[PDB]
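[1] let's see this in three dimensions:
(one chain, ligands or ions: 5)
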Amino acid sequence: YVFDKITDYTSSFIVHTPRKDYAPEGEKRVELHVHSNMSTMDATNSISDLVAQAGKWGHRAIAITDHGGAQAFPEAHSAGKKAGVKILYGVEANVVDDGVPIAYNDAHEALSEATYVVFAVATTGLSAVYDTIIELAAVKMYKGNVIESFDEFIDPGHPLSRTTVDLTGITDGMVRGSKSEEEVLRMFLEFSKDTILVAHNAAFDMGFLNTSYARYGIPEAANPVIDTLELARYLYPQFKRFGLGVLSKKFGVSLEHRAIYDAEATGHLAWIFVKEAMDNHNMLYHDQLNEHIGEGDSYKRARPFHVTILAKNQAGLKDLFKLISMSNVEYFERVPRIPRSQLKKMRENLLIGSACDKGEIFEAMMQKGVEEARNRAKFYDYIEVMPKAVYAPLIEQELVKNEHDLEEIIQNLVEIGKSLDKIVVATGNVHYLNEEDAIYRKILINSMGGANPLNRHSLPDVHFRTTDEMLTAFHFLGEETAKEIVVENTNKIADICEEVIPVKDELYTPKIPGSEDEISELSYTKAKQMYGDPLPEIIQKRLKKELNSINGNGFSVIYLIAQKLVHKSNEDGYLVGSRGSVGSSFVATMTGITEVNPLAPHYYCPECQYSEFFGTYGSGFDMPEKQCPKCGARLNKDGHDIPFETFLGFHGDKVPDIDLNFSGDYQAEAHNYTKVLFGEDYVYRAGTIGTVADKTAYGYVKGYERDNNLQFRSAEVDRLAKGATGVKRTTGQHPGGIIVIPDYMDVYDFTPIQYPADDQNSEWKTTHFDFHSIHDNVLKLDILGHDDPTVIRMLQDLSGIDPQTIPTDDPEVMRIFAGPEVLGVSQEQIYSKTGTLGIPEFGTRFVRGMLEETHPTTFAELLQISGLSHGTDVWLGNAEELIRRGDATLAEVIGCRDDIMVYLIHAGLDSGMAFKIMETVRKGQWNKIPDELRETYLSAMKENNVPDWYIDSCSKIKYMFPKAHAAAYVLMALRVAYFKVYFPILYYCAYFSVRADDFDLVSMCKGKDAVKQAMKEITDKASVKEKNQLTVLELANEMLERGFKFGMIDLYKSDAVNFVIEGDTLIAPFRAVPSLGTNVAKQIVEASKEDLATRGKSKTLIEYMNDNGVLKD
Ligand SMILES: [Mg+2]
Ligand SMILES: [Zn+2]
Ligand SMILES: [Zn+2]
Ligand SMILES: [Zn+2]
Ligand SMILES: [Zn+2]
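    Numbers count the residues shown, from 1 in each chain. Ligands and ions are numbered 1, 2, ... in the order given. Shown next is the protein structure:
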């Protein structure tokens, strides 16, 4: 089979009828237990392909039930709508019994004075139903002292398996000659009279005893019982391990596992436990031992079991989301846990199921008996019986002795269900699609090793089974029973559930009263202040069209939130930049959200509010410095000719998207204000599902071959890797996204919630679903963090210059981009043609060579450089050769999509056609577009006399950067350049303190020679770290060549993270010193050489300073 590379399903190399459901059309099964790749590191197939498979097999419904999550619900919805297959939305939850009693036969005896027969049993196994006691020990204890002892051996007819001979120190001879049970049971019944039975895991030992009793018609002997396991859990929740040995060790009790020892050990503890129960609490009787049960962290110590929960109706889906959210947020231990009481409250619209062999019913039937399974099954709505293979690992694990006993377990479960009038269904616990895939799942598990108990044994065959396979597998039950539990009951369960929709259809934005009016008032107030009450026609038309598009579509909330966030940012003294197309909005400019002005190049008078508008000038900043005609003030200039259609789309029917680069420091404050704005219960950090990628998958595959010692063709490694790829590995938060839920709706109408990476200490909750499926229905606010706003603010603190006052039309920043002669350093010295090292977006070697080659000296030319840099194929094979060959200037070449549109409309082409042409070129689809469309575009361009090179340039373009983000980058660059060109020490301090994280401090402090040698090493090389060090070292060499110097870290002159300035030397932060740490840095700031070492706690860092000359000081 060609998987890229041809696979025979046996091996791989480097140079078919699909599975069919043969059942009749109406007699197809419904698969009710499906695990997708959203079950963390458990299943490997996407829900989409499972749903597609089901749609080819004619099943009328399928159920998605992942392990503790619903993260495959949106993809499942899409797949079910494509395949015409009904989706039942469920989860495989880990449910913990809320209340597990400590005392079993409630009685009003006094614990301090009662007689305890602390007993124990050696066994042939764990299943009281299919294995028997091989020994019986007990110690009658009083007042904490032993009174009597009863130890006996019981001989099973079969020889003891080597497992028992080892687990239990009992051999066949050891019990070769022993009394019959009937007799040993009667002896223990008389011995255990008028006493309080005691056991560790008293459920296990009481079930065995009662089963043995019932084997001879002996009375059940229901005297009061105590389970030391539960008592220890309740009394010492602090412990995380409660096994006898562990507990015996903790409380200093000695044990080798022979029943006699076990018994004496439990007794030596049980005395302590009962004393603690009587003293530390008010439990002086047996009954009082059960009063406080299932209260508190009880969920944390309980052992979860698998349950299947299916949403009955849309209310049921909301309830499943609330249960998933609570299991993630309130009842999480090493897994999302649902207390059984919570599942009972919310079950009117939930069909609860018995799940798999890890369920309560299968566990009870295989280890406790039909009556316990019949009582537990009372709580479920349907019973799940899987084909024997799924239960095959149990036989290999020796839980079920043979195929005869396993057939007895499945048949009993079918009967118990008919008896209680419950739907019994065959499910399949599907974890993969076809059987060739099994190895896919096996290669994924092996990676976890001892973490996954599934490794201890072999994995089952959990593959989607056709209807006939399931029917044939359960045929062992009978003919009118297999067809019932496979086809009829499953379809009955499917018909019970009403159609559910997990994802909404429209966008639900928050409501702020007076938002449209507020946005209009802000925009018009700013416009009047900048251009006068008799507003110019151009600005009038722009504002009217923008505001009609915004307020008309109900998007004023997006702009209003953006405005409040940016205003608060300004009040704290932080500039907010933007990413995307928000700068294309003049309402965004006037409301203060953006600093880019999308208007046409224009002059405006600061005092008269006069105005003149112009495509002769590419941008207003690139215009003569004229003086106001009306008065003597220097006319201000602005405008970058950015249409709003790029942001609000043609016709303005598009949802505004405002990504704001707030400072890295202030992002927390911004998110907290988004909470204040909408409430702590309606804002959630966005969520991302980190999965396994091919590098990791290849690693896991190679690890399997090494561990199992099997060679694979390299191509087989490749095929196996492409198959373990896409499996959920973890969950994360988006870098700065926040999702807001309308106060007239709750999060559960959209998604469950959780903590990122399941960290319960997280200050924010994330959405359970991907932001990629909830962002078309609720507002996703991108409050991103960027280092640029952190640099400008510190430069303002260091210099006082208000950032806005800085002029971006300076006549020396163009010089910075032409050459370093403005800086006062030679190209030979700074090792770069342009003195733009460290100017945001203008210091990468590639972009620096682009500048050296084209020598731009205008704001429009700098925008073209930024576009050439963030566009694929727009330059290396496009405008780099059109410029070197001399065909076109830097200004003429295509650099941004908005530039494409403006030029096509600067020429006679109609605006609508250009928008279409701009979109086509932006999406790298010009080649893809059919000749009819390409011909319309070509004819229009030629009629407007479009230069022939332009069309050729368009054909090779892939992705083109937006013009507004480019203008933001260029403004930040020009402000940081003002300081670099005018106030160098301040610029250098800000850059290092905010961006530089890796300093070869000793080399930088030594002088130029050292930095030069260090750069050579990197030049000869290299790891990401080496190149980061090389960028910091290059800025260091520029600063050193400029006469400024660095200083060694000073105990009384070094800030923890920020460089300090004295003359032309920046004192260095403690953070820079190799691994001086950040917490250690803060501690030093808070504060003999030994005394300093103490405040810091590291001897190794003390040795560093002792060698670099601070400790010498
Ligand atoms: Mg025991
Ligand atoms: Zn699983
Ligand atoms: Zn399960
Ligand atoms: Zn399962
Ligand atoms: Zn004027």
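[2] and ligand 3, is stretch 457-473 touching that?
    No - judged by Cβ under 5 Å from the ion, stretch 457-473 stays clear of ligand 3, getting no closer than 9.6 Å. Yep, even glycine has a C-beta here, placed from its N, CA and C like the rest.
[3] and that stretch, what's buried?
    459-467, 469-471, 473 (16 or more other Cβ atoms under 10 Å).
[4] just name the closest of these to residue 399, please.
    Nearest to residue 399 out of those is residue 460 (Cβ to Cβ; 13.0 Å).
[5] residue contacts, that closest one?
    389-393, 429 (Cβ atoms under 8 Å, 6 or more residues apart in numbering).
[6] quick one: it is in a helix?
    No - assigned with DSSP: H, G, I helix; E, B strand; the rest coil, residue 460 falls outside any helix and is coil.
[7] can you pull the contacts of the closest residue to it other than its chain neighbours?
    In space, and not counting its chain neighbours, residue 460 is closest to residue 390: 4.9 Å by Cβ to Cβ, 6 or more residues apart in numbering. By Cβ under 8 Å, 6+ apart, the contact list for residue 390 reads 356-357, 428-429, 460-462.
[8] rerun at 10 Å
    If you count contacts by Cβ atoms under 10 Å, 6 or more residues apart in numbering, residue 390 has them with 33, 356-357, 426-431, 460-463, 465, 473.
[9] please flag which of those sit within helices.
    Among the contacts of residue 390, the ones falling in helices (DSSP state H) are residue 473.
[10] residue 970: which of the contacts of residue 390 is nearest?
    Nearest to residue 970 among those: residue 431, at 53.3 Å, using Cβ to Cβ.
[11] centre of the chain versus the helix or strand hosting residue 93, how much separation?
    Using DSSP states H and E, residue 93 sits within strand 86-96. Between the centre of strand 86-96 and the centre of its chain there are 20 Å (Cα atoms, centre = their mean, to the nearest Å).
[12] next SSE downstream of it?
    Criterion used, DSSP H and E; the element after strand 86-96 is strand 115-123.
[13] quick one: the helix or strand just after that next one to strand 115-123, angle?
    Next along the chain after strand 115-123, taking DSSP H and E as the criterion, comes strand 133-142. Angle, strand 133-142 to strand 115-123, by axes from the mean of the first three to the mean of the last three Cα atoms, to 10 degrees: 160 degrees.
[14] which other helices and strands does strand 133-142 contact?
    strand 115-123, strand 145-153, helix 181-191, strand 196-199, helix 202-215, helix 259-279 (3 or more Cβ pairs under 10 Å, 6 or more residues apart in numbering; DSSP states H and E).
[15] which residues touch residue 889?
    Residue 889 makes contact with 854, 856, 861, 864, 879, 882-883, according to Cβ under 10 Å, 6+ apart.
[16] how many neighbouring residues does the residue in the stretch 1001-1113 of the chain positioned nearest to ligand 3 have?
    Nearest to ligand 3, among the residues of the stretch 1001-1113 of the chain, is residue 1024, at 41.6 Å (Cβ to the ion). Residue 1024 has 7 neighbours, counted by other Cβ atoms under 10 Å.
[17] now the element after the longest strand anywhere in the chain, going C-ward?
    Criterion DSSP state E: the longest strand present in the chain is strand 728-740. Following strand 728-740 in sequence order, the next helix or strand is strand 753-754 (DSSP H and E).
[18] report the distance from that following strand to the chain centre.
    11 Å.
[19] and it, what other elements does it pack with?
    Checked by 3+ Cβ pairs under 10 Å, 6+ apart, strand 753-754 has helix 314-329, strand 683-691, strand 766-767 packed alongside it.
[20] can you tell me the element residue 521 falls in?
    helix 515-531.
[21] revised request: answer the last question for residue 1083.
    Residue 1083 belongs to helix 1079-1086, assigned by DSSP H and E.
[22] now the angle from the following helix or strand past that helix to helix 1079-1086?
    Once the chain leaves helix 1079-1086, the next helix or strand it forms, by DSSP H and E, is helix 1089-1096. With the same axes, to 10 degrees defining the directions, helix 1089-1096 sits at 120 degrees from helix 1079-1086.
[23] Three-state assignment for the residue in the chain that ligand 2 sits nearest to, please.
    With Cβ to the ion, the shortest gap between the chain and ligand 2 falls at residue 42, namely 4.0 Å. The three-state assignment at residue 42 reads coil, by three-state DSSP.
[24] let me see the contact set for it.
    Per Cβ under 10 Å, 6+ apart, neighbours of residue 42: 35-36, 66-67, 92, 431, 441, 444-445, 448, 452, 454, 462, 727-728.
[25] now which of those would you call buried?
    The buried subset of the contacts of residue 42 (16+ other Cβ under 10 Å) comprises 35-36, 66-67, 92, 431, 441, 444-445, 454, 462, 727-728.
[26] among the contacts of residue 390, which ones are in strands?
    Per DSSP E, the contacts of residue 390 map to strands at residue 426.
[27] and which of the contacts of residue 390 is nearest to residue 627?
    residue 431 (77.3 Å).
[28] and residue 171, how far from residue 153?
    Look at residue 171 and residue 153: by Cβ to Cβ, to the nearest Å, they are 11 Å apart.
[29] oh sorry, the question was meant for residue 815
    For residue 815 relative to residue 153 (Cβ to Cβ), the value is 99 Å.
[30] residue 7 too?
    Residue 7 is 58 Å from residue 153, by Cβ to Cβ.
[31] just residue 1063 next, same as before
    For residue 1063, the distance to residue 153 - Cβ to Cβ - is 92 Å.
[32] so which of these two has more stuff around it?
    Regarding residue 1063 and residue 153, a neighbour count based on other Cβ under 10 Å identifies residue 153 as having more, with 19 against 9.
[33] so what's the more buried one up against?
    Here residue 153 is in contact with 122, 133-137, 170, 174-179, 184, 259 (Cβ under 10 Å, 6+ apart).
[34] now which of those residues would you call buried?
    Counted by 16+ other Cβ under 10 Å, the contacts of residue 153 give 122, 133-137, 170, 174-175, 178, 184, 259 as buried.
[35] got the residues of the stretch 301-450 of the chain near ligand 1?
    Counting by Cβ under 5 Å from the ion, no residue of the stretch 301-450 of the chain is near ligand 1.
[36] hmm, I was thinking of the chain
    Going by Cβ under 5 Å from the ion, the residues of the chain near ligand 1 are 120, 262.
[37] check contacts around residue 491.
    26-30, 59-61, 423, 425.
[38] restricted to strands, list these.
    Counting by DSSP E, the contacts of residue 491 contribute 61, 423, 425 to strands.
[39] which ones are touching the last one?
    Contacts of residue 425 were listed using Cβ under 10 Å, 6+ apart, and they are 29-33, 353-354, 382-386, 417, 470, 484-494.
[40] any idea which helix or strand comes after the helix or strand where residue 951 lies?
    Per DSSP H and E: residue 951 is located in helix 948-955. Counting by DSSP H and E, the next helix or strand C-terminal to helix 948-955 is helix 963-982.
[41] so which elements touch that following helix?
    strand 577-579, helix 645-648, strand 659-663, helix 787-799, helix 813-818, helix 859-869, helix 897-906, helix 984-994.
[42] report the angle between the helix holding residue 951 and helix 897-906.
    Going by the same axes, to 10 degrees, helix 948-955 makes 150 degrees with helix 897-906.
[43] which residues does helix 948-955 contact?
    Contact partners of helix 948-955, identified using Cβ under 10 Å, 6+ apart, comprise 873-874, 877-879, 882, 885, 887-888, 892-894, 900, 903-904, 907, 917-918, 920-921, 926-927, 934, 937-938, 941-942, 946-947, 960.
[44] got the phi and psi for the closest residue to ligand 3 within the stretch 501-650 of the chain?
    Of all residues in the stretch 501-650 of the chain, residue 502 sits closest to ligand 3, at 21.7 Å by Cβ to the ion. Per-residue torsions, residue 502: phi -80, psi -20 (degrees, to the nearest 10).
[45] please name the nearest non-neighbouring residue to it.
    Residue 502's closest residue in space is residue 73 (Cβ to Cβ, 6+ apart), at 3.9 Å.
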